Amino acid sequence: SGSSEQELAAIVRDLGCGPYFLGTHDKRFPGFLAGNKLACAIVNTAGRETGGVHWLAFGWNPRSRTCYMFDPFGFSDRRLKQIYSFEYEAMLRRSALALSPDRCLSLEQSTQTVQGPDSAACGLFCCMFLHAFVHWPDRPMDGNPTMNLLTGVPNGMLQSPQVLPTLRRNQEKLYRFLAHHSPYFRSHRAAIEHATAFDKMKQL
């Protein structure tokens, strides 16, 4: 069911993220503390003990002092906390205190879903956003060669029939992009595609 941490680590490396990548973590990810460099991570909403629930991506741009938070579903912090019991305030505090001079950071996050409500490809869309992040850390959410391939639709429209074909096309293009840049993906493709299926939650 979905993507394992090993699977995502291998894809992130294949996409040219490796030098900037902090690894895969559960909800207790510390933040960007080591130094004021270009950095990223893949974080789970739940703690390791649950076995994992939802995958998120975090980026740090030192040039603007911005923490990018990517949720494929584009939920709000209030909605991430309601649904997933996930909050990352302490993380933004530890980071702003350790890296910014004015003790302030900018928090940039998506308002739009790229993923279908039943899909198990959250880990994989996270790999894709991190490819867009490491090549264009100034404009990563949209307006770059990687994120331009996907169609973001308002989050409030997530469980509506009118957007299903847009979100399915996004899932088809997610695989085409990954097959193009990742040998790990190509070699494990049938197992990955099946386990991260657009309609996977309906087939548990």
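One-based numbering along the sequence shown.
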Within-chain third of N36 by Cα B-factor, per the entry: highest
Modelled-residue ranking by C-alpha temperature factor, third containing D71: lowest
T151, C-alpha B-factor rank within chain (lowest, middle or highest third): lowest
B-factor third for the C-alpha atom of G143 within its chain: highest
Entry-reported Cα temperature factor of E5, expressed as the chain third it lands in: middle
